[PDB]
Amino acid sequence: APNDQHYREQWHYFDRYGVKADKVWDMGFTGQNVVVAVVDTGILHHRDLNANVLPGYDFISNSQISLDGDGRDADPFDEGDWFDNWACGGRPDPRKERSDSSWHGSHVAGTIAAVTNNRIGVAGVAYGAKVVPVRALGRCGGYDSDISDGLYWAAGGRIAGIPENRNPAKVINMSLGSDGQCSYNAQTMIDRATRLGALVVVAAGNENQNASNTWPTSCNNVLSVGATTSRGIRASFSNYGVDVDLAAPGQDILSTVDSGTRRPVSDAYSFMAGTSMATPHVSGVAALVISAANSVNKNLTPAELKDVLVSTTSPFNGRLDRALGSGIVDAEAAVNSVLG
C-alpha cells in the first residue's frame, strides 16, 4: 500500500466495490510511461499533482469563459469557474444563482495520477502515468468546438496556431457532456483521435436519464462510464442504458482540489460525486492496462482496450434498477488479462 496520508479514505481504489488498483500496484504496474489527457477545467499547481502533470494547453477561445484575459494559450491553469448573479443563466432559479469554483479538472486528474508514495494527500490509480491537462472548460462550461479541438490535439492531432503535442495520449478522459446527440464535429474529432490510437473515455452524465440522450455517450468510439456507490449499486444521479459500457466508483470519491471558493487559496482534498469521478477511475485503469501490455510488447487498439476493460469487470451488488454496462471496472482482472 502507498504511504499517502489519506489513502485509507480512498475506498474506491481497494475496497469491495472499488477498482482493485492496489492489486495491480502489487504486480509492479502503475501506468509507467503512459500519458493520459484530461479535457476539463484545467489544472491546479497542487503539491500532490505537480510531479505527475505535464504541460498541457488551454483551448478556451472566449476570455469571458477562460477568465485569463485571452483566447487559446499555452497555460492550462484552472483560473476557477466560480460565478454569481446567475452569470451562467437560469435567473431566478435559486440553484443556479452562484457557484464556488469546482476545481473539477484537478479532482479528475488526481484520480488518474495524484502523486503517490510522497506522504501527503492522496494516491492516484495510475500514479506512474503522466497527465496532460487540456483546458476546455471555464466559467459556464465550454464550447463544443474547443472540447473537440482539444481532444484531437490530446491524441496527437495538429491544430493550426498551436504547437505539436510532444506527449500525445493513449487515453483521453472526458468528464463532461450535455443533453443532445453527438455533433458531426464532435464525432469527427473523436473518430480522428480513435484512428490515432486513443481510447476516449467519457462520463455517462448525471440526470438519472438515458445516457443515449446525451453526448459524448451517444458518440461512436467512446467508452461511457456510469457511476456506482461504495455499496455497489447505481448512484442515484447516474445516467444509464445500453450505451453505458461499464461503471466505476462515482460517489464519495476523494481527490485533489483547492480550498478557494473563487481564486486558488491552498491545496486541499475533497469528496465529490458524479460520473465525472467514475470516468477517471476507468482512464486510470486503462493506463495501468497499457503499462502491463507494454511490458509484454503488446499493442492494444482503442477497441481492444475497451473490450479488455468491459469484459473483465466485477459484479454489481445484487440487482440494479437500470442497465449500467457490464459491471465495475476491475484493474486486477484487466491487467491479468493482458499479461496472459
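Counting begins at 1, following the sequence as shown.
Mean CA B-factor, 90 to 98 versus 147 to 155: the higher value falls on 90 to 98. A summary of the deposited B-factors shows that, of 200 to 208 and 178 to 186, the stretch with the larger mean C-alpha value is 178 to 186. The residue among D81, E164, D191, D245 whose C-alpha carries the highest B-factor in the deposited model is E164. Highest CA B-factor among the listed residues (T279, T313, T41, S295): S295. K170: CA B factor lies in the middle third for its chain, per the PDB record. Sort the chain's modelled residues by C-alpha temperature factor and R16 lands in the highest third, per the entry. Compared with the other modelled residues of the chain, the Cα B-factor recorded for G28 ranks in the highest third. Sort the chain's modelled residues by C-alpha temperature factor and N50 lands in the middle third, per the entry. Annotation for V35: CA B-factor lies in the middle third of the chain's modelled residues.
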